[PDB]
Structure formats: C-alpha cells, structure tokens
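Shown below, as structure tokens, is a lone chain in the form deposited in one PDB entry; questions about how it binds or moves come after it.
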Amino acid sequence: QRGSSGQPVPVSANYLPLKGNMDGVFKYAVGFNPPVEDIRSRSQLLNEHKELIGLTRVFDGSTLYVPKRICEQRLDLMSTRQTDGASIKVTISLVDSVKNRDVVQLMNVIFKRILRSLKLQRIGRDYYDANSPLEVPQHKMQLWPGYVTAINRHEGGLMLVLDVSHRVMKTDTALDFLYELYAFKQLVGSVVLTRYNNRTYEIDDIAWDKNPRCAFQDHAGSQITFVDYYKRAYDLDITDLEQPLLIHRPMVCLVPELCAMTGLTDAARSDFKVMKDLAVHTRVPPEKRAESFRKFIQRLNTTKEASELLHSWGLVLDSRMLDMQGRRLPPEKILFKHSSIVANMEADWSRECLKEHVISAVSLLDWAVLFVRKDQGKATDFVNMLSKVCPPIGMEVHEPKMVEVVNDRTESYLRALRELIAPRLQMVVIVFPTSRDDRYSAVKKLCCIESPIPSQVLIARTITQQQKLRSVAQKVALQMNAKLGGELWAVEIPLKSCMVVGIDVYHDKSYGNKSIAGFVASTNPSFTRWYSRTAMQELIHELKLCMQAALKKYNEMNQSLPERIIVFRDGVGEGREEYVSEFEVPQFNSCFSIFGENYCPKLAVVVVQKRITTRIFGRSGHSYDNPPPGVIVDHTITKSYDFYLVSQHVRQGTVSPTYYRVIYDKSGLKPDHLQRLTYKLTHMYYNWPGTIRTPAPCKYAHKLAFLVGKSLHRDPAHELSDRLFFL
C-alpha cells in the first residue's frame, strides 16, 4: 500500500505532533428532568454547582468533558435557583474516560479558545491578527497576518496543521466603494468587518430601503438610533443622515461609513496593478513562511493565558514543524517527432518546443482568417509571421482565406462565419479588437455545437507589433495543431489497453446550479487523443451514458476493449468523499458491465484535491526552499492509502502540493505504478509545455466543464469529441 521507487529527499511539513496525554480526560453525562428550558438555565446551575466541585470544562447540552473526575462521580442537585423557583434533577454519570473518536472535537474547542486567548480574531474559518498589519499604501490596502489552524487526527497522530494566510482589507470605506459602484453578488461573499469595535460579521443583504433614522431596539425595547449609540460607545458619528445599510442575520445592521470590506472585489481581481502590487506581500517565499511559523509558535508558548491553558489540560506540543522523507521521481523523457528532450529541473521545455517538429501534424492545406478593417494590417502581418514560423515546427501551412468582417460586432462575424465554413475547411481563426466574453461565447457556440469546425480566437492587443508577433505565432500554431486532432509531444506510458478517465465538476451559480461535469477519456495506447463528453442534470444519471459512449468509442477505434479503467475524480470536497464511494462507484461498476456480454473492467477510483492547507518545503543543510517538481510524500501524514505529489514550479513563492486519495482500488496496479502514472500524466498538457498541478485528463475535463458552463451552456457536438477542440 506504499510506493517504493524513487530516490528519497529531505523535506518538511507545517505540522505539530501533539503529545499523547489523551487518556486523562473523563466524560460526564448530564440529565435535566422537569423544566428543561435551554442553556441560560443549564449554564447557570451547572456553573455554580460544578464550579464549587471543579473549574474548566466544555458542556454542549448533554455531554461534558472535564480533565479530572468530579468530586462526586454521581451527584444530584435539586435546585434550579431560577426565576420560576422550580426544581431540576441534575444527573451526573461518568462514562469511560474518553472515546478515541471523540478527542478531536474536544481539542478543537480547546485550541479555538487558546487562539482566542492570543487576541487573534476569527474571520471566515481562519484566525487573523488586527494589530500587526503589513501595509501596501498605494491603493488603500494592507495585509493582516493570519494562521490557518486545524487540529485533526492524521495517520501520524493527533496533529495541528498551521498555515500562514493573508487577508486583504481596504482602508477605504464601504461608502467610497458604493460611490465607485454608482453589486449584490460581490458583498455577500465578503466578510465585512466593523472598524469601531474591530468585530467581524458576514453580510447577507444590502438594503437601501431602511434609513438611519429608524432606531433599533435596546434597553428593553427602547428605540435608539445607530449614530447616538455609536457616539456613546465608540466615540464616532455618521456624517450622512440618510444612507444605505447592510443587513446580517444572526436583525444585525451594519453602517457603510464604518465598514471596511475584506477580500478583493472582482474589479480588483481583473485589474493587473492590484494583483502585482499585492503579490509581493501576499505571496510569501518559503524562508519567510518558516520564520513566521517559528515566530507564531514562539508567541504561543510565551503568553500567559495560552501557556496556562495547555498545562491545565496537560498537553504539551513540539517546538518545530514536522520533518519527513519524500521521494523524488526520475525526470521523464519528453518525446518529439525527430528528437527527444529531457525536461530540466524547472520542468519547462517551451524554448525547445519551438525548435523541434511535432509528433503528428495536420497539414494546413486551407484555413481561414476573419478580421475587421481596422486590424487588417494586424491580420496580414500575423499571417505572414505565422507562415514564417510554422515550417520549423514541422507543420506545413498554406496561405489562408482572408475575410474582412463588415463590422466589429459579433453578428457580422456570425454572418460571415456561416458562409465561410465548409466540410473542406479545417479551421477558422478570428481577429477581435476588444476582449468581450459574449462575442467569444457566440463564436465558440457556433464552432463547437452548431457546426463542426475547430477554431481559434485572437484579440488584437496581444498582436500589436514589436516582438509580440513571433511569440504569439509560435504559441498559437501549437494550439491550432492540437485543436486539429494532432499531438505535439509524447511520453512512454507502460499501461496497455487502458482507458484513463478524468472527471471534474465546475459549480456555476449563474446557470441555475447545473453543476457542469466534465468527462475526458483517452482513446489511444500513447494517451495523445481523447474523447470528451459533459454531463449535466439537476452527477448521477448522465455519467452513465457518457461512460457507455466512451467505451463504444474506444471499441470503435482500437478494435478491442480496455481491461483497466482509471477514474480521477476532482471537484469533490473532503466531506463528500464517502458519498462518491457509496453512490458513484457501484453505479459505474454495474452500468458498463450490463451493456455487452460478460465484460468486467477494473475501476480504480482516485480522488484529487487541490485546496489543502498542507505545505511541503525542502532543505539541504539549514536553508528552507521549495522542493523540485516530482516529489512524493506517502507516509507519516497520509491516512488509508493516499499520497501527496509536488509537480508545479513557481517563479515566486512556495509550492502547494496535490492530494491524491484512492477511494476504490481493484485494478491490481501497484501504488507505485499509480504514483508514477499520475506523475507522467502531469506533463500531458498541450497548452502549457511543462508540468501542471492536476493530472492532464482532469485538467482537460475542468477546461471542458468551464467552457460548457461559462460559454457554451450546452453539449458540444459529438463530431468534435475526438478532437481537443476546447484547448
């Protein structure tokens, strides 16, 4: 159940083993007979009685945890001492000491209280400070240091995972952002925080119907206005008598004039200046992240309340992150038509791809170019450069059919497109003056669904003379050759008569929560051509037909049927992993089996997760740095047949590994032959020459899902299923 083929590397991970003083805590169950009545009463009486008997604890309704046995193991109190004056029969019953399963929740509560002791606020699911900000003053911004803490049971033991996060908050006030707007979707996700009390509330509604003159209830129903209360409490005022307000449901009202938005808005997401200004702060190298880790753990063991609480619960934690032994997979041989290039440590061959011929090239006897009269010169020079650069890379290209669209609007483009495309024509390229998503969507709708024509769209800006021409032509020629059903490079995959399948779902709130599911399955021994389908429903029953159709395509192409079927599942949360095993695997097992006669394929189902809080650093001596791409971590953190792989190379900052969780293995593949396989599949992406994060079938499936949900909104035509039209 463990990999075995790879040279070991020294690595480390942001984890803290917690000492095993677990057995001490004893559990008491509480019982209340006559009134019951909720917590206010439960807290009061339990407080008094159990405090005389003992101190500390957690009591969530019925269960109660205390480190020591109560002075009486069974104790009965008979007085509610409430306003009514009735009686309550308190029944304390000691049960075992603590279950192995139940310790995790207890230490979770304890550590969240510990972190609250340090003055750190809890925003989102994260713990951020509010008195030590890194500040970028250009665009009214800064960063708040943050710690992403979680106590969970991993195979190594009861482990606290720590991770340094940063949360952008704007010095500008919500009133100024509203003035800029003069946006229901944007604010609801953001957790807007108040400035006067430095308290944080997730926002739900943005209501301008209400007015500040309306006064909220307080002091037993007395109506007091917001401005008077804020002046009395926090010593500030609201300048605007009439203003929009924000609503959060626990009736909580937030005033924009004192509210500063956290997070970065969609306009800020698009604006490149904001991203590049933030990146130097938010993106942290590995050495500074290690230094922040050791500063945090030094801070935790020095403050008074935190130091006392840990010894009160009798747990002492290590003083440094965990060290471990990952293994580096050998670099793989990337195979071009007439030469082979072994990728460097950076795992990039973008320069080399320019100078070598593609494996199999669809000779461009004819292709078309649409353009506007303004960019006619741009189109001509681009076509000339493209014709110049193609013969070096093996493709053979002829001069196009050039059509000048009457107007830049998409409708004229469509009117030309219907007449232009023919069964003979292999591809159409399009010139665009402005980058607008609707025009791209209409073009891709015609090209993918309504008519079977692969196509490429180019906005004018990237082709505005200078040295843009060579780079853009060389990075568009390969994309065109990939869209024409031709392969650029290859790697040697030992697996024979295997059909790797990649499933990833793109949750789109806009399109009625359709949960667009991708489905990409190889149809070649060399894993260079693919069959693409997409399943959508309001997945359960469309995956059936997608899988049967893919099996039929493989049978049509290879005159056989596969013995192995490897399924990589993405887009599923950590909680819902068991749901997939319960409901999806048996359905697949029966569904392809029933069609045909006595056909039983193996179905290896592996779940892939990108968003994780685990970090793997490397060292050689004392300095902490990023590990080279291609390192596996399979032991001491992995639980029940999983592993971690680093495959991406980052120019600035640290690497985020990828989690792989084998939820159902019946294929007979070794864990090592699956690890190496999913590493080799990482180089199979034809848009980026080099490695990526997620395996190539899953990345293709994610792009297919994104294209179908964001742009096409329907099923791409079955004619283009064989071609990677979505690249």
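Between two forms, the rigid core is defined as the largest C-alpha subset superposing within 1.5 Å. Numbers follow the displayed sequence, beginning with 1.
Missing here is the form deposited in another entry; even so, the following discussion is about that form.
Only one of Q648, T265, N524, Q456 has its C-alpha shifted by 2 Å or more between the shown form and the other one once the core is superposed, and that residue is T265.
Once both forms are fitted on their rigid core, the CA atom of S360 lies less than 2 Å apart between the shown form and the other one. Superposition on the rigid core between the shown form and the other one places the CA atom of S620 less than 2 Å from its counterpart.
Once the rigid core is used as the reference frame, the Cα position of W144 differs between the shown form and the other one by 2 Å or more.
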